[PDB]
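**Q** This is the structure I have questions about; it appears just below.
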There are 2 protein chains.
Amino acid sequence: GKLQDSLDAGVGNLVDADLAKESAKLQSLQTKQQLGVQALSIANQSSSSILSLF
Amino acid sequence: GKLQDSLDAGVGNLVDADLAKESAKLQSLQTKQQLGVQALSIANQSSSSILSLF
């Protein structure tokens, strides 16, 4: 019984994720995604400045 | 018989914990864990303020 418990604990050590860091990374990457969308939207407007010169 | 009783009492003195102290340490560490969870939840929000600037 103890050996099987140790084996299960070792599997969990190998594969289980640490969600405490994931909670911070999730919000950080949501903010990153919002800024990336806004920056790409700004970059889409480069051609509009040409029309003013004509 | 008296010597065996003395030896058992000696092992108990040398290993056994006094659970009245852990009766308080349990509650203190439960409160401290809740406080740490609260503080970590506050800390993960540090990146949220960037969206307001853009």
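In the structure tokens, each chain is lettered A, B, ... as it comes, each chain's residues begin at 1, and ligands are numbered from 1 in order of appearance.
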Excluding residue 45 (chain B) and its own-chain neighbours fewer than 6 positions away, which residues fall within 10 Å of it when counting only C-alpha atoms? Please give them as a PDB file with C-alpha atoms, in the first residue's frame.
**A**
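File produced: selection_7.pdb:
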```pdb
ATOM      1  CA  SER A  23      -3.145  32.056 -12.329  1.00  0.00           C
ATOM      2  CA  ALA A  24      -0.673  34.927 -12.702  1.00  0.00           C
ATOM      3  CA  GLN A  27      -3.956  37.382 -16.463  1.00  0.00           C
ATOM      4  CA  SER A  28      -0.567  38.559 -17.729  1.00  0.00           C
TER       5      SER A  28
END
```
**Q** What are the residues of chain B that have an atom within 10 Å of an atom of chain A, counting only C-alpha atoms, as a PDB file with C-alpha atoms, in the first residue's frame?
**A**
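As a result, part.pdb now contains:
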```pdb
ATOM      1  CA  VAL B  37      -3.924  33.216  -0.668  1.00  0.00           C
ATOM      2  CA  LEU B  40      -1.223  36.259  -3.820  1.00  0.00           C
ATOM      3  CA  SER B  41      -4.596  37.018  -5.409  1.00  0.00           C
ATOM      4  CA  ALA B  43      -0.417  40.408  -6.352  1.00  0.00           C
ATOM      5  CA  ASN B  44      -1.588  38.670  -9.539  1.00  0.00           C
ATOM      6  CA  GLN B  45      -3.633  41.787 -10.395  1.00  0.00           C
ATOM      7  CA  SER B  46      -0.576  44.038 -10.836  1.00  0.00           C
ATOM      8  CA  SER B  47      -0.698  43.698 -14.635  1.00  0.00           C
ATOM      9  CA  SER B  48      -4.370  44.716 -14.879  1.00  0.00           C
ATOM     10  CA  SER B  49      -3.581  48.426 -14.483  1.00  0.00           C
ATOM     11  CA  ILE B  50      -1.710  48.575 -17.810  1.00  0.00           C
ATOM     12  CA  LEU B  51      -4.937  48.331 -19.827  1.00  0.00           C
ATOM     13  CA  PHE B  54      -4.087  52.392 -23.430  1.00  0.00           C
TER      14      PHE B  54
END
```
**Q** Quick one: chain A onto chain B, least squares on all Cα paired in order, result as a PDB file with N, CA, C and O atoms, in the first residue's frame?
**A**
```
ATOM      1  N   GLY A   1       9.618  -5.148  35.799  1.00  0.00           N
ATOM      2  CA  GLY A   1       8.418  -4.441  35.380  1.00  0.00           C
ATOM      3  C   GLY A   1       8.572  -2.935  35.483  1.00  0.00           C
ATOM      4  O   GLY A   1       8.260  -2.197  34.536  1.00  0.00           O
ATOM      5  N   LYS A   2       9.093  -2.457  36.618  1.00  0.00           N
ATOM      6  CA  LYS A   2       9.307  -1.014  36.744  1.00  0.00           C
ATOM      7  C   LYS A   2      10.322  -0.489  35.733  1.00  0.00           C
ATOM      8  O   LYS A   2      10.151   0.616  35.200  1.00  0.00           O
ATOM      9  N   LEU A   3      11.381  -1.253  35.458  1.00  0.00           N
ATOM     10  CA  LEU A   3      12.388  -0.799  34.503  1.00  0.00           C
ATOM     11  C   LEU A   3      11.809  -0.679  33.099  1.00  0.00           C
ATOM     12  O   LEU A   3      12.103   0.285  32.378  1.00  0.00           O
ATOM     13  N   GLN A   4      10.985  -1.645  32.691  1.00  0.00           N
ATOM     14  CA  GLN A   4      10.346  -1.557  31.381  1.00  0.00           C
ATOM     15  C   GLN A   4       9.408  -0.357  31.311  1.00  0.00           C
ATOM     16  O   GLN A   4       9.346   0.336  30.284  1.00  0.00           O
ATOM     17  N   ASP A   5       8.683  -0.083  32.401  1.00  0.00           N
ATOM     18  CA  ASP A   5       7.826   1.100  32.419  1.00  0.00           C
ATOM     19  C   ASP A   5       8.643   2.378  32.257  1.00  0.00           C
ATOM     20  O   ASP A   5       8.251   3.287  31.511  1.00  0.00           O
ATOM     21  N   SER A   6       9.785   2.463  32.943  1.00  0.00           N
ATOM     22  CA  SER A   6      10.631   3.648  32.818  1.00  0.00           C
ATOM     23  C   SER A   6      11.172   3.797  31.403  1.00  0.00           C
ATOM     24  O   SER A   6      11.267   4.916  30.882  1.00  0.00           O
ATOM     25  N   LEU A   7      11.533   2.684  30.762  1.00  0.00           N
ATOM     26  CA  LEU A   7      12.021   2.758  29.388  1.00  0.00           C
ATOM     27  C   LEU A   7      10.940   3.273  28.444  1.00  0.00           C
ATOM     28  O   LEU A   7      11.213   4.105  27.566  1.00  0.00           O
ATOM     29  N   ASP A   8       9.706   2.790  28.611  1.00  0.00           N
ATOM     30  CA  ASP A   8       8.616   3.279  27.770  1.00  0.00           C
ATOM     31  C   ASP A   8       8.366   4.764  28.001  1.00  0.00           C
ATOM     32  O   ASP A   8       8.135   5.521  27.047  1.00  0.00           O
ATOM     33  N   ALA A   9       8.424   5.202  29.262  1.00  0.00           N
ATOM     34  CA  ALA A   9       8.255   6.621  29.552  1.00  0.00           C
ATOM     35  C   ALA A   9       9.360   7.455  28.918  1.00  0.00           C
ATOM     36  O   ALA A   9       9.101   8.563  28.435  1.00  0.00           O
ATOM     37  N   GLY A  10      10.592   6.946  28.902  1.00  0.00           N
ATOM     38  CA  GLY A  10      11.674   7.678  28.263  1.00  0.00           C
ATOM     39  C   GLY A  10      11.501   7.784  26.759  1.00  0.00           C
ATOM     40  O   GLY A  10      11.777   8.832  26.164  1.00  0.00           O
ATOM     41  N   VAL A  11      11.033   6.707  26.124  1.00  0.00           N
ATOM     42  CA  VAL A  11      10.747   6.776  24.692  1.00  0.00           C
ATOM     43  C   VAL A  11       9.680   7.827  24.418  1.00  0.00           C
ATOM     44  O   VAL A  11       9.807   8.648  23.496  1.00  0.00           O
ATOM     45  N   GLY A  12       8.623   7.833  25.233  1.00  0.00           N
ATOM     46  CA  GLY A  12       7.585   8.832  25.069  1.00  0.00           C
ATOM     47  C   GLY A  12       8.080  10.245  25.291  1.00  0.00           C
ATOM     48  O   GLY A  12       7.629  11.176  24.620  1.00  0.00           O
ATOM     49  N   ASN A  13       9.009  10.426  26.231  1.00  0.00           N
ATOM     50  CA  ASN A  13       9.628  11.733  26.412  1.00  0.00           C
ATOM     51  C   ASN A  13      10.424  12.146  25.185  1.00  0.00           C
ATOM     52  O   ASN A  13      10.464  13.334  24.845  1.00  0.00           O
ATOM     53  N   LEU A  14      11.065  11.189  24.513  1.00  0.00           N
ATOM     54  CA  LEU A  14      11.870  11.541  23.348  1.00  0.00           C
ATOM     55  C   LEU A  14      11.014  11.916  22.141  1.00  0.00           C
ATOM     56  O   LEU A  14      11.292  12.918  21.473  1.00  0.00           O
ATOM     57  N   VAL A  15       9.976  11.138  21.834  1.00  0.00           N
ATOM     58  CA  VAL A  15       9.333  11.257  20.529  1.00  0.00           C
ATOM     59  C   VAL A  15       7.930  11.862  20.557  1.00  0.00           C
ATOM     60  O   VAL A  15       7.508  12.427  19.536  1.00  0.00           O
ATOM     61  N   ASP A  16       7.193  11.766  21.659  1.00  0.00           N
ATOM     62  CA  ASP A  16       5.803  12.204  21.638  1.00  0.00           C
ATOM     63  C   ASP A  16       5.691  13.719  21.517  1.00  0.00           C
ATOM     64  O   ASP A  16       6.451  14.469  22.135  1.00  0.00           O
ATOM     65  N   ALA A  17       4.730  14.160  20.711  1.00  0.00           N
ATOM     66  CA  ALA A  17       4.476  15.576  20.503  1.00  0.00           C
ATOM     67  C   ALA A  17       3.550  16.135  21.577  1.00  0.00           C
ATOM     68  O   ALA A  17       2.786  15.405  22.212  1.00  0.00           O
ATOM     69  N   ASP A  18       3.627  17.448  21.770  1.00  0.00           N
ATOM     70  CA  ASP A  18       2.769  18.170  22.708  1.00  0.00           C
ATOM     71  C   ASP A  18       1.641  18.801  21.898  1.00  0.00           C
ATOM     72  O   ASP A  18       1.801  19.883  21.329  1.00  0.00           O
ATOM     73  N   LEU A  19       0.493  18.122  21.849  1.00  0.00           N
ATOM     74  CA  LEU A  19      -0.601  18.558  20.986  1.00  0.00           C
ATOM     75  C   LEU A  19      -1.296  19.814  21.492  1.00  0.00           C
ATOM     76  O   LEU A  19      -2.043  20.439  20.732  1.00  0.00           O
ATOM     77  N   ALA A  20      -1.082  20.194  22.751  1.00  0.00           N
ATOM     78  CA  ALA A  20      -1.719  21.400  23.266  1.00  0.00           C
ATOM     79  C   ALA A  20      -1.218  22.646  22.544  1.00  0.00           C
ATOM     80  O   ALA A  20      -1.999  23.561  22.261  1.00  0.00           O
ATOM     81  N   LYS A  21       0.082  22.703  22.239  1.00  0.00           N
ATOM     82  CA  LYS A  21       0.604  23.790  21.418  1.00  0.00           C
ATOM     83  C   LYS A  21       0.217  23.615  19.958  1.00  0.00           C
ATOM     84  O   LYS A  21       0.044  24.604  19.231  1.00  0.00           O
ATOM     85  N   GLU A  22       0.087  22.364  19.515  1.00  0.00           N
ATOM     86  CA  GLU A  22      -0.251  22.096  18.125  1.00  0.00           C
ATOM     87  C   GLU A  22      -1.658  22.576  17.802  1.00  0.00           C
ATOM     88  O   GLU A  22      -1.923  22.994  16.671  1.00  0.00           O
ATOM     89  N   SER A  23      -2.563  22.536  18.782  1.00  0.00           N
ATOM     90  CA  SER A  23      -3.920  23.025  18.560  1.00  0.00           C
ATOM     91  C   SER A  23      -3.939  24.518  18.267  1.00  0.00           C
ATOM     92  O   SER A  23      -4.747  24.976  17.453  1.00  0.00           O
ATOM     93  N   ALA A  24      -3.074  25.292  18.923  1.00  0.00           N
ATOM     94  CA  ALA A  24      -2.987  26.715  18.620  1.00  0.00           C
ATOM     95  C   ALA A  24      -2.275  26.963  17.297  1.00  0.00           C
ATOM     96  O   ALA A  24      -2.713  27.802  16.496  1.00  0.00           O
ATOM     97  N   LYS A  25      -1.176  26.240  17.053  1.00  0.00           N
ATOM     98  CA  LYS A  25      -0.436  26.451  15.815  1.00  0.00           C
ATOM     99  C   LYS A  25      -1.263  26.081  14.593  1.00  0.00           C
ATOM    100  O   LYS A  25      -1.119  26.708  13.540  1.00  0.00           O
ATOM    101  N   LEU A  26      -2.144  25.086  14.710  1.00  0.00           N
ATOM    102  CA  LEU A  26      -2.957  24.682  13.569  1.00  0.00           C
ATOM    103  C   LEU A  26      -3.874  25.812  13.120  1.00  0.00           C
ATOM    104  O   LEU A  26      -3.925  26.154  11.932  1.00  0.00           O
ATOM    105  N   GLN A  27      -4.600  26.414  14.063  1.00  0.00           N
ATOM    106  CA  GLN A  27      -5.490  27.518  13.716  1.00  0.00           C
ATOM    107  C   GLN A  27      -4.702  28.734  13.246  1.00  0.00           C
ATOM    108  O   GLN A  27      -5.110  29.416  12.292  1.00  0.00           O
ATOM    109  N   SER A  28      -3.562  29.012  13.887  1.00  0.00           N
ATOM    110  CA  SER A  28      -2.749  30.143  13.457  1.00  0.00           C
ATOM    111  C   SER A  28      -2.280  29.964  12.018  1.00  0.00           C
ATOM    112  O   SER A  28      -2.314  30.909  11.222  1.00  0.00           O
ATOM    113  N   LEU A  29      -1.881  28.746  11.653  1.00  0.00           N
ATOM    114  CA  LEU A  29      -1.390  28.519  10.302  1.00  0.00           C
ATOM    115  C   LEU A  29      -2.515  28.434   9.283  1.00  0.00           C
ATOM    116  O   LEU A  29      -2.301  28.763   8.116  1.00  0.00           O
ATOM    117  N   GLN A  30      -3.716  28.016   9.688  1.00  0.00           N
ATOM    118  CA  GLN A  30      -4.851  28.109   8.773  1.00  0.00           C
ATOM    119  C   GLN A  30      -5.170  29.563   8.446  1.00  0.00           C
ATOM    120  O   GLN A  30      -5.409  29.915   7.279  1.00  0.00           O
ATOM    121  N   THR A  31      -5.149  30.431   9.460  1.00  0.00           N
ATOM    122  CA  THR A  31      -5.329  31.855   9.193  1.00  0.00           C
ATOM    123  C   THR A  31      -4.208  32.393   8.310  1.00  0.00           C
ATOM    124  O   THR A  31      -4.459  33.157   7.367  1.00  0.00           O
ATOM    125  N   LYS A  32      -2.967  31.987   8.589  1.00  0.00           N
ATOM    126  CA  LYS A  32      -1.840  32.415   7.769  1.00  0.00           C
ATOM    127  C   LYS A  32      -2.011  31.982   6.320  1.00  0.00           C
ATOM    128  O   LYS A  32      -1.707  32.744   5.398  1.00  0.00           O
ATOM    129  N   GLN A  33      -2.494  30.759   6.102  1.00  0.00           N
ATOM    130  CA  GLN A  33      -2.706  30.274   4.745  1.00  0.00           C
ATOM    131  C   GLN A  33      -3.782  31.080   4.032  1.00  0.00           C
ATOM    132  O   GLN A  33      -3.637  31.402   2.847  1.00  0.00           O
ATOM    133  N   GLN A  34      -4.864  31.421   4.736  1.00  0.00           N
ATOM    134  CA  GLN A  34      -5.907  32.230   4.108  1.00  0.00           C
ATOM    135  C   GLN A  34      -5.371  33.598   3.694  1.00  0.00           C
ATOM    136  O   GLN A  34      -5.606  34.056   2.565  1.00  0.00           O
ATOM    137  N   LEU A  35      -4.631  34.261   4.590  1.00  0.00           N
ATOM    138  CA  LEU A  35      -4.051  35.553   4.225  1.00  0.00           C
ATOM    139  C   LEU A  35      -3.026  35.431   3.104  1.00  0.00           C
ATOM    140  O   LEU A  35      -2.932  36.328   2.259  1.00  0.00           O
ATOM    141  N   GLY A  36      -2.260  34.342   3.067  1.00  0.00           N
ATOM    142  CA  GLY A  36      -1.315  34.163   1.977  1.00  0.00           C
ATOM    143  C   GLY A  36      -2.002  33.987   0.639  1.00  0.00           C
ATOM    144  O   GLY A  36      -1.567  34.549  -0.371  1.00  0.00           O
ATOM    145  N   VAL A  37      -3.096  33.221   0.615  1.00  0.00           N
ATOM    146  CA  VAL A  37      -3.867  33.065  -0.618  1.00  0.00           C
ATOM    147  C   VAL A  37      -4.411  34.410  -1.076  1.00  0.00           C
ATOM    148  O   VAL A  37      -4.318  34.768  -2.258  1.00  0.00           O
ATOM    149  N   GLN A  38      -4.972  35.186  -0.146  1.00  0.00           N
ATOM    150  CA  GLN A  38      -5.533  36.479  -0.531  1.00  0.00           C
ATOM    151  C   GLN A  38      -4.453  37.433  -1.030  1.00  0.00           C
ATOM    152  O   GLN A  38      -4.666  38.167  -2.003  1.00  0.00           O
ATOM    153  N   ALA A  39      -3.283  37.436  -0.385  1.00  0.00           N
ATOM    154  CA  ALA A  39      -2.211  38.332  -0.807  1.00  0.00           C
ATOM    155  C   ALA A  39      -1.671  37.948  -2.177  1.00  0.00           C
ATOM    156  O   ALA A  39      -1.397  38.821  -3.010  1.00  0.00           O
ATOM    157  N   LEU A  40      -1.511  36.649  -2.437  1.00  0.00           N
ATOM    158  CA  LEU A  40      -1.072  36.230  -3.762  1.00  0.00           C
ATOM    159  C   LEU A  40      -2.114  36.595  -4.813  1.00  0.00           C
ATOM    160  O   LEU A  40      -1.764  37.024  -5.922  1.00  0.00           O
ATOM    161  N   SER A  41      -3.400  36.457  -4.476  1.00  0.00           N
ATOM    162  CA  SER A  41      -4.454  36.837  -5.411  1.00  0.00           C
ATOM    163  C   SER A  41      -4.410  38.328  -5.715  1.00  0.00           C
ATOM    164  O   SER A  41      -4.647  38.741  -6.856  1.00  0.00           O
ATOM    165  N   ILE A  42      -4.116  39.150  -4.707  1.00  0.00           N
ATOM    166  CA  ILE A  42      -3.948  40.580  -4.949  1.00  0.00           C
ATOM    167  C   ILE A  42      -2.749  40.829  -5.854  1.00  0.00           C
ATOM    168  O   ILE A  42      -2.805  41.659  -6.770  1.00  0.00           O
ATOM    169  N   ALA A  43      -1.649  40.111  -5.619  1.00  0.00           N
ATOM    170  CA  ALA A  43      -0.441  40.321  -6.411  1.00  0.00           C
ATOM    171  C   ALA A  43      -0.634  39.913  -7.865  1.00  0.00           C
ATOM    172  O   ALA A  43       0.036  40.458  -8.749  1.00  0.00           O
ATOM    173  N   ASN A  44      -1.527  38.958  -8.134  1.00  0.00           N
ATOM    174  CA  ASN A  44      -1.754  38.536  -9.516  1.00  0.00           C
ATOM    175  C   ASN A  44      -2.314  39.650 -10.394  1.00  0.00           C
ATOM    176  O   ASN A  44      -2.217  39.558 -11.621  1.00  0.00           O
ATOM    177  N   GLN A  45      -2.902  40.688  -9.803  1.00  0.00           N
ATOM    178  CA  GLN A  45      -3.632  41.712 -10.541  1.00  0.00           C
ATOM    179  C   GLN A  45      -2.765  42.883 -10.987  1.00  0.00           C
ATOM    180  O   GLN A  45      -3.307  43.870 -11.494  1.00  0.00           O
ATOM    181  N   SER A  46      -1.445  42.808 -10.805  1.00  0.00           N
ATOM    182  CA  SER A  46      -0.587  43.952 -11.099  1.00  0.00           C
ATOM    183  C   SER A  46      -0.643  44.356 -12.568  1.00  0.00           C
ATOM    184  O   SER A  46      -0.519  45.543 -12.887  1.00  0.00           O
ATOM    185  N   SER A  47      -0.822  43.394 -13.474  1.00  0.00           N
ATOM    186  CA  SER A  47      -0.793  43.703 -14.899  1.00  0.00           C
ATOM    187  C   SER A  47      -2.063  44.394 -15.382  1.00  0.00           C
ATOM    188  O   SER A  47      -2.045  45.015 -16.449  1.00  0.00           O
ATOM    189  N   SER A  48      -3.162  44.297 -14.630  1.00  0.00           N
ATOM    190  CA  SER A  48      -4.427  44.861 -15.091  1.00  0.00           C
ATOM    191  C   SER A  48      -4.387  46.382 -15.152  1.00  0.00           C
ATOM    192  O   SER A  48      -5.100  46.986 -15.960  1.00  0.00           O
ATOM    193  N   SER A  49      -3.572  47.016 -14.306  1.00  0.00           N
ATOM    194  CA  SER A  49      -3.518  48.475 -14.281  1.00  0.00           C
ATOM    195  C   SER A  49      -2.936  49.046 -15.568  1.00  0.00           C
ATOM    196  O   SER A  49      -3.230  50.192 -15.921  1.00  0.00           O
ATOM    197  N   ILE A  50      -2.112  48.270 -16.275  1.00  0.00           N
ATOM    198  CA  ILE A  50      -1.484  48.769 -17.493  1.00  0.00           C
ATOM    199  C   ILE A  50      -2.521  49.029 -18.577  1.00  0.00           C
ATOM    200  O   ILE A  50      -2.383  49.974 -19.362  1.00  0.00           O
ATOM    201  N   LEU A  51      -3.577  48.215 -18.632  1.00  0.00           N
ATOM    202  CA  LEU A  51      -4.559  48.338 -19.705  1.00  0.00           C
ATOM    203  C   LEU A  51      -5.274  49.680 -19.673  1.00  0.00           C
ATOM    204  O   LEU A  51      -5.724  50.167 -20.717  1.00  0.00           O
ATOM    205  N   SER A  52      -5.393  50.292 -18.494  1.00  0.00           N
ATOM    206  CA  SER A  52      -6.119  51.551 -18.381  1.00  0.00           C
ATOM    207  C   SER A  52      -5.399  52.688 -19.093  1.00  0.00           C
ATOM    208  O   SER A  52      -6.044  53.647 -19.532  1.00  0.00           O
ATOM    209  N   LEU A  53      -4.076  52.605 -19.219  1.00  0.00           N
ATOM    210  CA  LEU A  53      -3.295  53.674 -19.829  1.00  0.00           C
ATOM    211  C   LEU A  53      -3.371  53.676 -21.349  1.00  0.00           C
ATOM    212  O   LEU A  53      -2.888  54.627 -21.973  1.00  0.00           O
ATOM    213  N   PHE A  54      -3.955  52.651 -21.956  1.00  0.00           N
ATOM    214  CA  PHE A  54      -4.082  52.596 -23.405  1.00  0.00           C
ATOM    215  C   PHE A  54      -5.541  52.706 -23.834  1.00  0.00           C
ATOM    216  O   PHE A  54      -6.354  51.831 -23.537  1.00  0.00           O
TER     217      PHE A  54
END
```
**Q** As a PyMOL selection string, please: every residue in chain A that a backbone DSSP assignment puts in alpha helix (DSSP H).
**A** chain A and resi 2-15+19-43+48-51
**Q** Next, dump the selected residues to file, keeping only C-alpha atoms, as an mmCIF file, in the first residue's frame.
**A**
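Writing done, so here's result-v1.cif:
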```
data_model
loop_
_atom_site.group_PDB
_atom_site.id
_atom_site.type_symbol
_atom_site.label_atom_id
_atom_site.label_comp_id
_atom_site.auth_asym_id
_atom_site.auth_seq_id
_atom_site.Cartn_x
_atom_site.Cartn_y
_atom_site.Cartn_z
ATOM 1 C CA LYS A 2 2.733 2.483 0.874
ATOM 2 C CA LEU A 3 4.676 1.629 -2.298
ATOM 3 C CA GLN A 4 1.636 2.258 -4.500
ATOM 4 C CA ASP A 5 1.081 5.583 -2.735
ATOM 5 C CA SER A 6 4.698 6.576 -3.402
ATOM 6 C CA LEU A 7 4.354 5.632 -7.074
ATOM 7 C CA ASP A 8 1.242 7.794 -7.433
ATOM 8 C CA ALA A 9 3.032 10.691 -5.735
ATOM 9 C CA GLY A 10 5.942 10.312 -8.154
ATOM 10 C CA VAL A 11 3.620 10.386 -11.158
ATOM 11 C CA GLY A 12 2.047 13.545 -9.774
ATOM 12 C CA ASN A 13 5.493 15.058 -9.303
ATOM 13 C CA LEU A 14 6.291 14.316 -12.945
ATOM 14 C CA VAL A 15 3.151 15.543 -14.707
ATOM 15 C CA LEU A 19 -1.641 26.312 -11.066
ATOM 16 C CA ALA A 20 -0.550 29.028 -8.625
ATOM 17 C CA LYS A 21 1.877 30.387 -11.229
ATOM 18 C CA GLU A 22 -0.657 29.688 -13.975
ATOM 19 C CA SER A 23 -3.145 32.056 -12.329
ATOM 20 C CA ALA A 24 -0.673 34.927 -12.702
ATOM 21 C CA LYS A 25 0.431 33.952 -16.206
ATOM 22 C CA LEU A 26 -3.187 33.773 -17.392
ATOM 23 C CA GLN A 27 -3.956 37.382 -16.463
ATOM 24 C CA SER A 28 -0.567 38.559 -17.729
ATOM 25 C CA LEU A 29 -1.183 36.939 -21.110
ATOM 26 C CA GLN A 30 -4.736 38.285 -21.339
ATOM 27 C CA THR A 31 -3.296 41.773 -20.889
ATOM 28 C CA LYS A 32 -0.596 40.939 -23.445
ATOM 29 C CA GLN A 33 -3.256 39.811 -25.921
ATOM 30 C CA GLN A 34 -5.231 43.032 -25.472
ATOM 31 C CA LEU A 35 -2.140 45.165 -26.100
ATOM 32 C CA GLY A 36 -1.216 43.033 -29.111
ATOM 33 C CA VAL A 37 -4.666 43.512 -30.634
ATOM 34 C CA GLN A 38 -4.471 47.265 -30.078
ATOM 35 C CA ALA A 39 -0.956 47.504 -31.536
ATOM 36 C CA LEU A 40 -1.908 45.527 -34.640
ATOM 37 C CA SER A 41 -4.972 47.760 -35.038
ATOM 38 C CA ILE A 42 -2.701 50.811 -34.889
ATOM 39 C CA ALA A 43 -0.371 49.245 -37.462
ATOM 40 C CA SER A 48 -4.395 56.174 -44.365
ATOM 41 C CA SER A 49 -1.737 58.888 -44.024
ATOM 42 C CA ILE A 50 -0.939 58.688 -47.747
ATOM 43 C CA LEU A 51 -4.398 59.938 -48.749
#
```
